[PDB]
Amino acid sequence: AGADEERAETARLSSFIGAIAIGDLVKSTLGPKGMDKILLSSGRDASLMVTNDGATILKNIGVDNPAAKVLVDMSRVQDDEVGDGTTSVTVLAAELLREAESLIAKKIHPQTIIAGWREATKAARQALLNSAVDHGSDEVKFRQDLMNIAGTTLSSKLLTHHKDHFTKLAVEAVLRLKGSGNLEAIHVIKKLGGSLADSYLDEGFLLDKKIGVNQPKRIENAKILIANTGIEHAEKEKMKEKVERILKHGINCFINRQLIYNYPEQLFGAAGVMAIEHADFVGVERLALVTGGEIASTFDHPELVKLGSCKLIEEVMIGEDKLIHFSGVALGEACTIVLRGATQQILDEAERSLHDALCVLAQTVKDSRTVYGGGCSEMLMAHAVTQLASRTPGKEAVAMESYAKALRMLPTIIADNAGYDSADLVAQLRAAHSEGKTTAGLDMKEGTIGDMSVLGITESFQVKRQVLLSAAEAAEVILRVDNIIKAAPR
Amino acid sequence: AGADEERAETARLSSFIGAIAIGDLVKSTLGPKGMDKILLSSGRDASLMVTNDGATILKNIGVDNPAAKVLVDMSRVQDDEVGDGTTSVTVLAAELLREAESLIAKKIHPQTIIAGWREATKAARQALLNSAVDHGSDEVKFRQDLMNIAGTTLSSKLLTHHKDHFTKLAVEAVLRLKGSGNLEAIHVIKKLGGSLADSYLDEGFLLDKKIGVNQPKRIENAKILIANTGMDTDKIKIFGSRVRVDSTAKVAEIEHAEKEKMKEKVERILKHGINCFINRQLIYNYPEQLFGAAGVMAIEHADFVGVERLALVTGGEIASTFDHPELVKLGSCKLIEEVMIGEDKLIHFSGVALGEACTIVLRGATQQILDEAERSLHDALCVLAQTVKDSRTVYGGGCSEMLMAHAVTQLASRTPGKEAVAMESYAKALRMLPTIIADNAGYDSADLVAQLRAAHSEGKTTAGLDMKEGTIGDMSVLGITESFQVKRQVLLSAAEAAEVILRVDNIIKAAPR
Amino acid sequence: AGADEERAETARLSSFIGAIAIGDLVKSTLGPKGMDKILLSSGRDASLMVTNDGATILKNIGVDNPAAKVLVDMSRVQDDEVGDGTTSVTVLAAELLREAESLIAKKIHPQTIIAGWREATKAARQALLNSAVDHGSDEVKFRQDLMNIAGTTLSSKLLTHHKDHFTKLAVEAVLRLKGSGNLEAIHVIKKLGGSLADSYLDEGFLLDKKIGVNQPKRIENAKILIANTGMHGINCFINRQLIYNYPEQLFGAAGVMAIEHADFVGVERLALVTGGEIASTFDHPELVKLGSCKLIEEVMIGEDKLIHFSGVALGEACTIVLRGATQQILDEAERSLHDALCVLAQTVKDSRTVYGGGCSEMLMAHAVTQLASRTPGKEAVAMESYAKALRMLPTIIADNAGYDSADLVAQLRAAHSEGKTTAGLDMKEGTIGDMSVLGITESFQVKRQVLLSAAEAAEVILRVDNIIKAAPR
Amino acid sequence: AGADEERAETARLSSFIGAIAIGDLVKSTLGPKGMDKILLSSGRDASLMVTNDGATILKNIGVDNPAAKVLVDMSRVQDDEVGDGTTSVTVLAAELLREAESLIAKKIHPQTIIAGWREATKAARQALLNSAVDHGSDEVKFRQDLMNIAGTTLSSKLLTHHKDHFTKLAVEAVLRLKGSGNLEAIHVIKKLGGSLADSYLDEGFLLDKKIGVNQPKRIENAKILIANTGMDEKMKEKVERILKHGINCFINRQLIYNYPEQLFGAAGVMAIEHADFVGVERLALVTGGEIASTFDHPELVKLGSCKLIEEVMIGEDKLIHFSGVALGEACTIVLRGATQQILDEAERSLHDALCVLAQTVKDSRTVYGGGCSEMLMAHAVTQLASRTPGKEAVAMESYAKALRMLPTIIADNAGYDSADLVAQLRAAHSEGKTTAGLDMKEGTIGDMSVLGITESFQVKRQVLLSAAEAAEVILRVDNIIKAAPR
Amino acid sequence: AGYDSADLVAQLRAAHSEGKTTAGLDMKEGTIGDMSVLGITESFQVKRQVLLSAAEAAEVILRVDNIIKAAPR
């Protein structure tokens, strides 16, 4: 019995196998003609889920015993500090494993080769302090607001026929957001059709729930109540405490993130108050920043321990469907985007695309710098790294040389998803980068190579800094160790 | 053919096999570029222990039918007076069994052959008076403290590329562990993230827990409170006879009673100046709101083992009921704080008045094998404390071993009779050490043996194996040295351990499946 | 689904296997640490035979059903046109087949893949002018006379402990030989003599034969007679074959020394030196025979007696005798001198070279990587496979050295990309070193012929679409 | 067919197994106390053959695929010149391979290991006179010629009571064998008969053939004719040239034609049908030779001795005798003996004897027997591993321990425990006393000079060089016998 | 011709529908080009006989029953 018991060639292999399975899956996802996947599980799961984003799908399920879940976990921190771009970092880490094949030819000590990872730290610093960046971005900016990185995230999605316009909208959202603190208060939902604009911008948070059939149709000078919490005669007292406190405030709406007792429900309708059952917590937190918030506790909650925004809360209909809109936020820090869309199922993919937009833009505004997208950055660095291996001494250099060829796979994945032959694309791509043009990259729409800058496609500066360091450290854990697993059972 | 039945001569082979099997695992460990082994066992074992110290692992488990357990036990006697540097005693002993093949060739007394062993002594002691030692080791001492043997003990270990720096750190710990205490309370913990320093030295004990997000971040002039019983309340022991109360609302006083429990805790606490509370169990929620406003840091479900070590550090405490604060408690007062240590968040207790309990913090990288820093340090601790006491050392890198081998070769056929084959067997044993040092480095062992033999023969004691070089170099500048008593005891111990097992033969069973 | 038919992937595999099977056995042979193998055959073969050099063994028999015999025949033409060196050309051709697995990845028409060969002309020019060449080989040469290619040829052999000194010596031999006149005429033998020098250059051709116990010891103003058919002041008679007994009595009284069963190879070169012979029937003596008359005698080099021909009037060719420190290693020099001389003859004629120790191979590899990307779609993938082939050569040189191959690849590339053509692989060092200090250089000609020879062998698989049969039953 | 798969450590194992089986069977053979062995083969092998001589049995059968046939074959050439005595060369070569187990422990390269042979260069020279071979064997020798080593060859054999004398005779044969005509001129057949001497020495070659029932009984002032081409106008040409010469005997190495046969009987000339070639070559040196070709061959091209040729009965199995050779350089010995097992052992002994002694007269060098040479060499080689640079050091020390087994095997077959023997033996040789060696009869050590046991110098040079060559080749290659190259 | 098949179909159709008969697939180019410059012109009859024979064979075939296939032989 025991646990693990691995040594020799077999031990290397378990790590090696995990990398290959994940790389093919994520490979489809990258670039303009990315592949959407629907997941079917009948193991304490109810329906097929479709996730374009590679990071979200890896996080959701830990299918088996081999190590890979922890490597996957790290990518999420990256998403909040810079966002998704297109998933590429996981693939590069995996290809590090493949040259281990030439390593059995070493037949002596693999550990000496490990010196390359230390070398990698020198290399990571070589791109972060080198080729990238842009000149401009003074805060807000009339035209430099976007027409950039949002577009590269979009270009990976087909909807960029009318959708590139949607992307333009997203930075209006970031300019309003900045101010007081990070990224959190933004909510996005896609509608089913009817617009050339394909989108609308809302003043406040958008919600979709009802108390019940009975209750007032509409409210005015609405005041908002949020609760963290949901002898027989004493039951009446709960009814009465709620009514007594309620009437003075003029309470127009109540929002609760959970199940709600039947007695109060009745009362709200006669009073002229609309309540919400099991309101999503995420919606509530966004709403709190917007309304000035409150402190959620016991029935002592109504009055000045509560802050209510006073413009207008009503259930309204747009084009055809009926939704409930919270509007008139003094804060301005948090707003909501409602996409009417040009009635197509591509529109149903608007939710897919805007979510990607949400993480990318917040980071883009505070990083204050960017890189050239479309794989422009990867080929340039690849030409340069071939030289780098030759500068170092033979023990360090061999590991460094392998790292350099890793960048080669990205050009193929970007073009292959485009639909143009991958083999042809690599040759022409390398030649333009070699000349010295940073701007030049892969034009997926063309199927060849072109000027990335005209497109407006740029990558956040931060995505490049974090991934280079992360790839090396994860790799080190695997090769230096031939026997591992973890503590506790039996 | 076709069966495992064994008797007399075939029987000898099982004894033979045990010595060869042990040598392969141990050889990787023997020097400046060792590997790292984990070993997980199912059935009455607590977690898999990954050990870089060869002596520790052989003693712990009697794995199988072949007999080698008895040979293993003796190495500990060497440990009691030293037992470390790099593990090499067991390896040489194994080589002795290979010649047993020609022992049948010499047809006579197996035990008279054993008399050769009481010439091993006149070989083992030969290493004594062999190799000038060093002439050093005072008290505390500014530069002779390290950048020596600890580096060699750790040279074998994987972490050597950056860890030789932390190895250097370990002597500072021995400096504060000398004299006035003996050996106690040394606790070392590694962290997942990396820093160039790869280690911080803390003036006291290191723990990992936090009260909650709220509470003052740092405390000063700290008082320590340890409780045998939880902060939880209700039943007590005597129920209270199951309370009545008339209409309902009055019962709110019961709610108020809970407040009183908070009250006693704060009233007694403020006078003492309480900065930190450590409890080895579940903690009731009410006191935390109190602790946060007061400015006191408490620890929920603190581990008991940390507490016992800590008590020696603080001066101890008597743990009882809420009377526990004031005089019955004896908390120390320098600094208790939660310190960002490059990556993870850790809580550090430090500035102990006693000064006899101390902690060293090591980093690493993030791996199951990382936990070998746990045991790398354990031999690092032992090597340095001895280095202070011995004040004597030998040239490392196998310099001592090659010199001795040349001298033993001379003895060979010169001593007539039965003892002649036995004495010569011992002599070629020394040859493997030079081979092993280079093999791990990344250079060809065969070539290394060739060049090394010529330099020692010439008469230069200082010259040895330089792994970074790939060839032979001056060992003294490198700083690699071996403690002096390790050499006197190791050779004696190796011979005696070898004698019992060779003298004991095979495993006995009768039929195939 | 009945009997032996193959399509696409399965048909390809038989071609694939033939190249791989030869490579494992031949790879061992390469390097100072090379190995010699013994083989026993099924038909009309008497016993196990052991051949040190790859070319001799490959040539004798075409055994197996898979195609590979045709590839083998090419190496001998190369040997005649330059020589054995150390066998390595066969290994380079085999490696090109490995890339075919990723070839399927390009996923379309294998035949236009062939247009990559068209691109190989580009690769061929690459092996040209963007390499070290000579930069020095003026005539005689103070330091670079040798310590080079002969040493590398030498290295694969065990004897290179004192032998490397002998190899250096062999260039002195080449300088006198030098010129367009009759390449060959170099013979060397070992002698059970004394230490260190391990070899002495001398006066003339050396031959180990005697007429018989009766006959004069020395001849002056010697006349040389060579006859194709078996049995003037005639001093010496040399015949390449059996000699009839009756004349033997006659020769002793006359004052003439004859040689029975003299080797033909010694004879042909001797003729250029003397001035030629028309070897016919007994009409052969006089003008139809051209003789040289300085001195023919059997002398002891250092102890043992052998026969020396010297004072050639023509002056076109000369011979190095050597000596040595008693062993099989010593007469190995016999094989090595002849090998060292031939490489040099090409070197004088071409007046161009390169740097040895794999210095030439790494530099070219860095440059060829660029070429694949530059060429269009289909051309690019086939062209690059050829380029990666060069990477293995550095590895094979180092692997046989007993030194770490992984470490070696990195450092080798490191010295070459810098722009210093002198740096290369030093096996004796175990790392990388200055090839020029060693003095190793390769002839310019050896690199062009090897490139042409390897390319054609590869195409036998591709120029003909199919070779066997399908389903009779 | 170029494809037999064994990989990694497997290539060594095929080679390793062939040597191990042969060594235990051959080890009991060596020394005065040697063992006789019998073997069975089926499929045209009638019964069990017993061969005292290890070399003879190895040549006869190729039992299985594991490599050993080539190693085995190179014993006969050794035997033809010096070779035999006691078979030890195969035993020593086999033990070299056992250290290959240590080679895996080396963990790097078998070829750099091949520096042992470099070591052999120093070891070969080191032991080729620092052990003090012998200073006698002048050439011819009145009686140091034998009553020594030949007796030792016979010691392992029962025949040593009446056949010890037979052994003495072989050296006389050797003296005539001196010269550059080294390979040929030895023929011995045992004859059934009686006499204490048990042998008769002929002044010429002994053959066993007859023309036919018809033909002259005896030829005097004989002329000898040898023809390369068979006898198969032709009748008359042969008589016409035959008559003038006076031709007394014709020897042909092949089939003879019937027409001449009638003519020879009337003529007075004795002819031999299908005479073996080996006898003929020996005869040419003896008679001054002749140029054998077509029927033109007669007169001057033919030289013929004329002392006497006749067909007679020794006592059993009729033979034809050639005698009175003018040259005197070559002669032939016939052994009679008094019938038993011991007598047929005579055939065994001079096959072994002439070759041992032939080199002994020519070499002028021999070594002390009984293991004396081996122990002294062993002490000397201990110094050597240190003397060489280093790679060549580990390689030297491994070669050195091999010599230790030879003392052990002689003692082992002597009926005494070798441990005491090894220990006591080394001290004597180390001291520097060359004459002292292993005395099996004694059970300890003694002066073998008194015994008269000496080994030829050649047996020691050929064994060390052959062991070197027949080891490097076997370890190196994994493709053994099936079909031709690559 | 070694060139990627899907890309090829796209460029090919746009040029032919364009109205230029001369333009066609250029295998050496790996794209489309002027066939006439190459000098390539299929005999007209080869195109009509193939189409007509296939047509008549088809008439009998999806109006019968007994058959199958293996290969030419």
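Along each chain, numbering proceeds from 1 in written sequence order. Entry numbering may differ, and residues lacking coordinates are not shown. Chains and ligands are labelled by the order in which they are written, letters from A for the one and numbers from 1 for the other. Within a larger assembly, only the chains shown are considered here, and all values are given for them alone. Just so you know, side-chain values use all the structure's heavy atoms and leave hydrogens and water out.

Going by the header, the method for this PDB entry is cryo-EM, and the resolution given is 10.50 Å.

**What about the overall build of chain E?**
Applied cut-off: In this description a helix means any DSSP run of H or I spanning at least four residues, a strand means any run of E spanning at least two, and both kinds are numbered starting from the N terminus. As defined in this context, the radius of gyration uses C-alpha atoms, and a globule is described by 2.2 Å times the residue total to the power 0.38. Partly exposed describes any residue whose relative accessible area lies between the buried limit of under 20% and the exposed limit of over 50%, with all areas from a 1.4 Å probe on protein chains only and scaled to the type maximum. When checking whether two residues touch, look at their non-hydrogen atoms; a contact exists if any pair is within 4.5 Å. Areas reported as accessible are Shrake-Rupley estimates using a 1.4 Å probe. Residue values count occlusion only from the protein chains shown. A residue counts as positive if it is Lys or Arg and as negative if it is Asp or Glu; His and the chain ends are not included. By convention, charge coordinates are those of NZ in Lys, CZ in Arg, CG in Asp, or CD in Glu.
When helices and strands are tallied, chain E shows three helices and two strands. Scanning chain E from its N terminus toward the C terminus, one meets helices and strands in the order α-β-β-α-α. For chain E, the C-alpha radius of gyration of 18 Å lies well beyond 11 Å, the compact-globule estimate for 73 residues. On the principal axes, the C-alpha backbone points of chain E span a range of 45 × 25 × 25 Å. Evaluated residue by residue, chain E yields a buried proportion of 14% over its 73 residues. A sequence separation of at least 24 residues applies to 15% of the contacts in chain E between residues at least 6 apart. Counting every atom, chain E has about 6,400 Å² of accessible surface; 60% of that belongs to carbon and sulfur. Mean positive and mean negative side-chain charge positions of chain E (8 and 10 charges, respectively) differ by 7 Å.

**Here we look at the interface of chain C and chain D**
Put simply, the test is: We define a salt bridge as a side-chain nitrogen of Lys or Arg found within 4 Å of a carboxyl oxygen belonging to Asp or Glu. For this analysis, a polar contact is any N or O atom pair within 3.5 Å, provided that within protein one partner can donate a hydrogen and the other can accept it, and provided that sequence-adjacent residues contribute only side-chain to side-chain pairs. Note that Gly is not counted as nonpolar here; it falls among the polar residues with everything else outside the nonpolar set of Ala, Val, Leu, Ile, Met, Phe, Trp, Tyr, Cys and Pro and the charged set of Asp, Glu, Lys and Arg.
Contacts between chain C and chain D engage 24 residues on the former and 21 residues on the latter. The interface formed by chain C and chain D includes one salt bridge. Put simply, C:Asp36 and D:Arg476 hold a salt bridge, and the shortest N to O gap is 2.9 Å. Our count for the contact surface shared by chain C and chain D stands at six residue pairs in polar contact. For the side of chain C that touches chain D, the secondary structure elements donating two or more residues are β1 (37–39), α2 (54–60) and α9 (245–254) of chain C. In terms of residue count, β1(C) provides more of the side of chain C that touches chain D than any other element does, three residues in total. For the side of chain C that touches chain D, the per-class residue count stands at 13 nonpolar, six polar and five charged.

**Overview of the sheet that holds strand β6 (residues 276–279) of chain B**
All names here are of chain B. Rules: Should DSSP find at least two bridges between two strands, the strands are regarded as paired. For helices, the fitted axis covers only the stretch in contact; all axes are lines through C-alpha atoms, and the angles between them, taken along N-to-C directions, range from 0 to 180 degrees.
The three strands lie next to each other as β5-β6-β7, forming an open sheet whose pairing is parallel. Sheet topology places β5 (224–227) and β7 (297–299) at the edges, where each strand pairs with a single neighbour. Within the sheet, the average angular offset between the axes of one strand and its neighbour, ignoring direction, is 15°. Pairing analysis gives four bridges linking β5 to β6, with the strands arranged parallel. When the sheet's bridge partners are listed, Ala227 is paired in β6 with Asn279.

**Observations regarding the domain arrangement of chain B**
Residues and elements named next belong to chain B. Keep this limit in mind: Each domain's limits were defined by an automated method or a database of domain assignments. Using a 1.4 Å probe, buried area is obtained as the accessible area two parts lose upon being combined, added over both of them.
Each domain of chain B was delimited in the assignment, giving domain 1 (1–133 + 392–513), domain 2 (134–202 + 356–391) and domain 3 (203–355). A C-alpha centroid distance of 33 Å is found between domain 2 and domain 3. With both sides pooled, the region where domain 2 packs onto domain 3 buries about 1,500 Å², and carbon together with sulfur makes up 58% of that total. Put simply, domain 2 and domain 3 have two salt bridges between them. A salt bridge links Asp344 to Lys191; its shortest N-O distance comes to 3.7 Å. Linking domain 2 with domain 3 are seven residue pairs in polar contact.

**A word on a nonpolar patch on the surface**
To keep it simple, the criterion reads: Patch definition: residues above 30% relative accessible area lacking any salt bridge, with like charges linked at up to 9 Å and the nonpolar side chains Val, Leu, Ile, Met, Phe, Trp and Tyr linked at up to 5 Å.
On the surface, a nonpolar cluster with roughly 560 Å² of combined accessible area is contributed by E:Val60, E:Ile61, E:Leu62, E:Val64 and E:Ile67. Checked against the element boundaries, E:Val64 lands in the segment after α3 (44–61).

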